[PDB]
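Peer 1: Before I ask anything, here is the structure I am working with.
There are 2 protein chains.
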Amino acid sequence: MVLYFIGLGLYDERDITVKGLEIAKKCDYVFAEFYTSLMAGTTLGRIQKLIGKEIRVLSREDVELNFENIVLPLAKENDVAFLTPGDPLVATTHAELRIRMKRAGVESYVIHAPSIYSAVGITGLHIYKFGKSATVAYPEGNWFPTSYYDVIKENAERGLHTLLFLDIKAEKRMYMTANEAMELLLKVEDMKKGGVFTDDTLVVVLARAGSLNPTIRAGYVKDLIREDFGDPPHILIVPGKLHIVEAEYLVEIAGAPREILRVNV
Amino acid sequence: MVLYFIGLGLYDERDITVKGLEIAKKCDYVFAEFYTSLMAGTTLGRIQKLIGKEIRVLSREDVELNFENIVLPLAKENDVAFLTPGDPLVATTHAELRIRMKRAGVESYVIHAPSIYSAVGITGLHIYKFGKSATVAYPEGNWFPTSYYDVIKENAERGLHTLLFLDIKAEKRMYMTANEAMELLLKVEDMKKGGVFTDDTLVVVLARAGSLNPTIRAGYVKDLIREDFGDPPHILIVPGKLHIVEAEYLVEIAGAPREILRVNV
Ligand SMILES: Nc1ncnc2c1ncn2[C@@H]1O[C@H](CSCC[C@H](N)C(=O)O)[C@@H](O)[C@H]1O
Ligand code: NA
Ligand SMILES: [Pt+2]
Ligand SMILES: [Pt+2]
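Note that the protein sequences, when read in sequence, are chains A and B. Heads up: the first sequence runs through residues 1 to 265, numbered per the authors' numbering. Heads up: the second sequence runs through residues 1 to 265, numbered per the authors' numbering.
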């Protein structure tokens, strides 16, 4: 009868909510996708064991082109679950999926889970101060995306922080590191020369949020661009004018240079 | 003392994550606070029953002024859990708390949970398009705050959505409804004449996020300002120019007027 959008959380299979687990356990069919993000702390096997169901993993093409062709033949007889990393509707196009299903006569429910979008709070940066978000995409051939640079510019001018989701090619097992995003940004700066992202820009890196020991680091690009932040996933943040308490957190928790406390300079 | 910040999630006692529940059960002492927000879909008794541990509630004062005298000296040699609605560290007081503990030589870990910041994704509005967020506070005495109005203007001006939290008196359990928020915003519009919030402005109201049956409504102020959105807490969002996909989602899921497909896209 119905379709469940169930988020699995940030890091591992335990990041799912109790609500999500109890509902997943009782679904007749369980589908999942693992291309919108990376859950570096678990495996398909562990998730299957926790839920006690066999999980059919879908590729991006299966979902975007054949979702209703794969699910309709079931959702019309049985309860179906669709599992995704983090929160199913955050920084994905899965919301549009609910539209398809509804037009096809299948009602759906969403079960939220920890998302990187709110997890940024662990960096000490005021979540309300974040502005428009962007994604740093891998260049492809001659195509070199650069719009994320303009987003940073617009937010920074307003004194707002910029959350930069990093690119991922799940089928090639390529997960963009914060180091790589910084290299790409330095190159876009070299081209545009807007003084938006340079060696002296203060950035914040959050790696593997959701794990008990995520990597939280802050400092100037020149010092962090070659630093090892551990395995992916990574998220990069370009803060705006800092609040003193934001600077305190970055210094005391993220090991930032004590000089940022002079938010005046 | 190792301190575990554990988020309780959006609505009820099942919104905590499997990870949070298990860690909370392993902790010798479990504290909680419900002053930053309330868990409107459940009760302390129900959360206590699920966690299977005695839950010691702490007031805003207990936390901000005496946390080191209550939690620490109690949990000399043990692990302590501190339960908070939503996702820990989203609220500023939690981040400050972590800094304080670190200075006191106390290490802490964070177990994330769904936050309203990511949950709003259920409105169909793309998360990347949200800009600076703000809170609508009641005017009182000789004080009439209006900054939240400027936040809307700056965001919408750039085609960004504005997430608006509504005033809450946790201790007294009093909430500002979306209706009241709308009246206040119109009152501010009359004072500023910015053409930012009027009877023709498109807004979205979200209530009981986390619940399996949340209330998601979209429409013009003139139509929504007297609608019954149910029990608080409510969340008000003033979107910017809509993506056609966003608009279709609002029409088909949040019952928005077909009219938005040509007026707000
Ligand atoms: N646990 C994590 N730690 C650090 N970054 C993460 C992360 N999870 C996701 N990200 C970031 O977000 C990108 C995927 S976008 C999908 C986000 C997911 N829907 C959610 O709600 O969390 C990743 O490439 C990475 O840039
Ligand atoms: Na935001
Ligand atoms: Pt989208
Ligand atoms: Pt919250």
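Yeah, the Cβ is synthetic: ideal placement off N, Cα and C, and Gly gets one too.
With a threshold of 8 Å between beta-carbons, can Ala113 of chain B be considered close to chain A, or not?
Peer 2: On the second sequence, residue 113 of chain B is found 113 positions in, with the first residue counted as 1. Yes - at least one Cβ of chain A is within 8 Å of the one on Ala113 of chain B.
Peer 1: Would you identify the three-state DSSP class for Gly210 of chain B, choosing helix, strand or coil?
Peer 2: Position 210 of the second sequence, counting from 1, holds the residue named residue 210 of chain B. Three-state result, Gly210 of chain B: coil.
Peer 1: Over what stretch of residues does the beta strand (DSSP E) that includes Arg56 of chain A continue unbroken?
Peer 2: For this step, residue 56 of chain A is matched to residue 56 along the first sequence. Counting along the chain, the unbroken beta strand (DSSP E) around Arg56 of chain A starts and ends at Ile55 to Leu58.
Peer 1: Residues of the region 4-19 of chain A with a CB closer than 8 Å to any CB of chain B: list them in chain order, please.
Peer 2: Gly7, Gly9, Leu10, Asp12, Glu13, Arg14, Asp15, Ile16, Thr17, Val18 and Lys19
Peer 1: Within the 8 Å Cβ cut-off, does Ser37 of chain B reach chain A?
Peer 2: Looking up residue 37 of chain B in the second sequence gives position 37. By this cut-off, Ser37 of chain B is not an interface position.
Peer 1: Can you pull the DSSP bridge partners for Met174 of chain A?
Peer 2: To locate residue 174 of chain A, count along the first sequence from 1; it is residue 174. In DSSP, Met174 of chain A forms a bridge with A:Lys169.
Peer 1: Taking its Cβ as the centre, do 16 or more other Cβ atoms sit within 10 Å of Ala104 of chain B, making it buried, or is it exposed?
Peer 2: Against the second sequence, residue 104 of chain B aligns to sequence position 104. So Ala104 of chain B counts as exposed.
Peer 1: Less than 8 Å between the beta carbons of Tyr4 of chain B and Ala81 of chain B, yes or no?
Peer 2: Here residue 4 of chain B refers to the residue found at position 4 of the second sequence. Here residue 81 of chain B refers to the residue found at position 81 of the second sequence. The answer is yes: Cβ separation under 8 Å.
Peer 1: Ignore the nearest five residues each way along the sequence and tell me which others in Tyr220 of chain A's own chain have a CB closer than 8 Å to its CB.
Peer 2: The residue you call residue 220 of chain A lines up with position 220 of the first sequence. Here the set comprises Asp199, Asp200, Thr201, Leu202, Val203 and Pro257.
Peer 1: With contact counted as at least three CB pairs below 8 Å, one residue from each stretch, are the region 169-188 of chain B and the region 222-236 of chain B in contact?
Peer 2: yes
Peer 1: Contact criterion: CB-CB distance below 8 Å. Does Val110 of chain A meet it with respect to chain B?
Peer 2: Stepping through the first sequence from its first residue, residue 110 of chain A is reached at position 110. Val110 of chain A counts as touching chain B.
Peer 1: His234 of chain A lies in the alpha helix (DSSP H); which residues open and close that run?
Peer 2: Numbered from its first residue, the first sequence carries residue 234 of chain A at position 234. First-last for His234 of chain A: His234 to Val238, but that is the beta strand (DSSP E), not the alpha helix (DSSP H).
Peer 1: Quick one: is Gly45 of chain B near chain A, going by C-beta distance under 8 Å?
Peer 2: Translated into the one-based positions of the second sequence, residue 45 of chain B becomes position 45. Taking Cβ atoms only, chain A never reaches closer than 8 Å to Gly45 of chain B, which makes this a no.
Peer 1: Show which residues of chain B have a CB atom less than 8 Å away from the CB atom of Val245 of chain A.
Peer 2: Working through the first sequence from its first residue, we reach residue 245 of chain A at position 245. Per Cβ cutoff of 8 Å: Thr92, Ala95, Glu96 and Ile99.
Peer 1: Find out if the Cβ-Cβ distance for the pair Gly240 of chain B, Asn155 of chain B is shorter than 8 Å.
Peer 2: On the second sequence, residue 240 of chain B is found 240 positions in, with the first residue counted as 1. On the second sequence, residue 155 of chain B is found 155 positions in, with the first residue counted as 1. Yes; because the gap between Cβ atoms is below 8 Å, this pair is in contact.
Peer 1: With a 10 Å radius around its C-beta and 16 neighbouring C-beta atoms as the bar for buried, classify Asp15 of chain A as buried or exposed.
Peer 2: Position 15 of the first sequence, counted from the first residue, corresponds to residue 15 of chain A. So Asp15 of chain A counts as buried.
Peer 1: For a quick check, are the C-beta atoms of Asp62 of chain B and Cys27 of chain B less than 8 Å apart?
Peer 2: Position 62 of the second sequence, counted from the start, is the residue given in the question as residue 62 of chain B. Position 27 of the second sequence, counted from the start, is the residue given in the question as residue 27 of chain B. In this structure, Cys27 of chain B does not lie closer than 8 Å to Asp62 of chain B by Cβ.
Peer 1: Do three or more CB pairs link the region 62-72 of chain B to the region 241-260 of chain A at distances below 8 Å?
Peer 2: no
Peer 1: Look at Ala32 of chain B and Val57 of chain B and say whether their C-beta atoms are less than 8 Å apart.
Peer 2: As a position in the second sequence, residue 32 of chain B is number 32, starting the count at 1. As a position in the second sequence, residue 57 of chain B is number 57, starting the count at 1. Yes. Within cutoff.
Peer 1: With distances taken between CB atoms, is the gap from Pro233 of chain A to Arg217 of chain A smaller than 8 Å?
Peer 2: Taking the first residue of the first sequence as position 1, residue 233 of chain A is located at position 233. Taking the first residue of the first sequence as position 1, residue 217 of chain A is located at position 217. Not closer than 8 Å, so no.
Peer 1: According to DSSP, is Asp28 of chain B helix, strand or coil?
Peer 2: Here residue 28 of chain B is taken as the residue at index 28 of the second sequence, counted from 1. Residue state, collapsed to three classes: coil.
Peer 1: Within 10 angstroms of its Cβ, does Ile244 of chain B collect 16 or more other Cβ (buried), or is it exposed?
Peer 2: Here residue 244 of chain B corresponds to residue number 244 of the second sequence, with the count starting at 1. It is exposed - the Cβ of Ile244 of chain B has fewer than 16 other Cβ atoms within 10 Å.
Peer 1: Can you tell me whether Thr135 of chain B is helix, strand or coil according to DSSP?
Peer 2: Taking the first residue of the second sequence as position 1, residue 135 of chain B is located at position 135. Taken through DSSP and simplified to helix, strand or coil, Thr135 of chain B comes out as strand.
Peer 1: Does chain A have any CB closer than 8 Å to the CB of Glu248 of chain B?
Peer 2: For this step, residue 248 of chain B is matched to residue 248 along the second sequence. Interface residue, yes.
Peer 1: What is the DSSP secondary structure of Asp62 of chain A, reduced to helix, strand or coil?
Peer 2: The sequence position of residue 62 of chain A within the first sequence is 62, counting from 1. The three-state secondary structure of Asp62 of chain A, taken from DSSP, is helix.
Peer 1: Quick check: the region 132-148 of chain B against the region 156-172 of chain B, are there 3 or more CB pairs under 8 Å?
Peer 2: yes
Peer 1: Let me check you understand the geometry: is the CB of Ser133 of chain B closer than 7 Å to at least one non-hydrogen atom of ligand 2?
Peer 2: As a position in the second sequence, residue 133 of chain B is number 133, starting the count at 1. True, at least one ligand heavy atom lies under 7 Å from that Cβ.
Peer 1: What separation, rounded to the nearest whole angstrom, lies between the Cα atoms of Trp143 of chain B and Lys193 of chain B?
Peer 2: For the purposes of this step, residue 143 of chain B is identified with residue 143 of the second sequence, where counting begins at 1. For the purposes of this step, residue 193 of chain B is identified with residue 193 of the second sequence, where counting begins at 1. Roughly 19 Å between the two C-alpha positions.
Peer 1: Give the DSSP bridge partners of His161 of chain B, in chain order.
Peer 2: Stepping through the second sequence from its first residue, residue 161 of chain B is reached at position 161. Answer by DSSP bridge pairing, in chain order: B:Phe130.
Peer 1: When the cut-off is 8 Å and only beta carbons count, does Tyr148 of chain B lie next to chain A?
Peer 2: The residue labelled residue 148 of chain B in the question sits at position 148 within the second sequence. No, because no Cβ of chain A sits closer than 8 Å to the Cβ of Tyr148 of chain B.
Peer 1: Listed by chain order, which residues have C-beta atoms less than 6 Å from any heavy atom of ligand 4?
Peer 2: B:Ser37, B:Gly86, B:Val90, B:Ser115 and B:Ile116
Peer 1: Start and end of the alpha helix (DSSP H) containing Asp223 of chain B?
Peer 2: As a first step, residue 223 of chain B is located in the second sequence; it is residue number 223 there, counting from the start. Residues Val221 to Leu224.
Peer 1: Using a Cβ cut-off of 8 Å (strictly closer), state whether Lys129 of chain B contacts chain A.
Peer 2: To locate residue 129 of chain B, count along the second sequence from 1; it is residue 129. Yes, contact with chain A.
Peer 1: Chain A partners of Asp28 of chain B, CB-CB under 9 Å?
Peer 2: Taking the first residue of the second sequence as 1, we reach residue 28 of chain B at position 28. Result: empty, since nearest Cβ-Cβ is about 18 Å, beyond 9 Å.
Peer 1: Please determine if the region 17-26 of chain A and the region 88-104 of chain A are in contact, where contact requires at least 3 C-beta pairs separated by less than 8 Å.
Peer 2: no
Peer 1: When the Cα of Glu183 of chain B is compared with those of B:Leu236, B:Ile168 and B:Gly159, which residue comes out closest?
Peer 2: Within the second sequence, the letter at position 183 stands for residue 183 of chain B. Residue B:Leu236 is the option with its Cα nearest to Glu183 of chain B.
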